[PDB]
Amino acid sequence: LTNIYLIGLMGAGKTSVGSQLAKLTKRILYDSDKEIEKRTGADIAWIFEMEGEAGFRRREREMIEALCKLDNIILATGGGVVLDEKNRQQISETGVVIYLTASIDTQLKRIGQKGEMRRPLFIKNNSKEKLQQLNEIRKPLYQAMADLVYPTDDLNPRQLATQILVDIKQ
């Protein structure tokens, strides 16, 4: 155990809540996406282009295997990680599982906001529908693995993260 796993779709607040927890605890925060890019030595866009989604899922499972071995870490889990039974196995076995929820509107804010640009980017309605369809069919699975569940709309990082830390223990 000892690991904290944060799960949910893109824009669920994994990075946000994940950053606050790592502050309050001096633990190292990992992001499975960034870890994959690091080991690959290329960005996610290169992976999908040269190897397709399948190529990414492969690399994703290798990294999850490796990360789950580490102890006392915190992990912002790529939304697609729980699609694989093996990943769900290692995760449920090696740490607590927190499912973070957010409205479609909260999602689009986080996803769209870039540092170099004042207003967030907006996605096409086509893409938005795709996202809401994902929300639809991945939610139940997330709920399954969820030891604990929290909304992250109107988020007060510090408040929620300490609250989360209390709900851990037990």
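All residue numbers refer to positions in the sequence shown, first residue = 1.
Mean C-alpha B-factor comparison - 114-122 and 61-69, higher one: Between 61-69 and 114-122, it is 61-69.
What stretch has the higher average Cα B-factor here, 19-27 or 5-13? It is 19-27.
Chain-relative CA temperature factor third for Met145: Middle third by C-alpha B-factor.
Compare the C-alpha B factor of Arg138 with those of the other modelled residues in its chain, then answer lowest, middle or highest third. Answer is middle: the recorded C-alpha B-factor places it there.
CA B-factor ranking of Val81, expressed as a third of its chain: Tercile = lowest for this residue's CA B-factor.
Within-chain third of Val96 by Cα B-factor, per the entry: Its C-alpha B-factor, which the entry lists for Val96, ranks in the highest third among residues of this chain.
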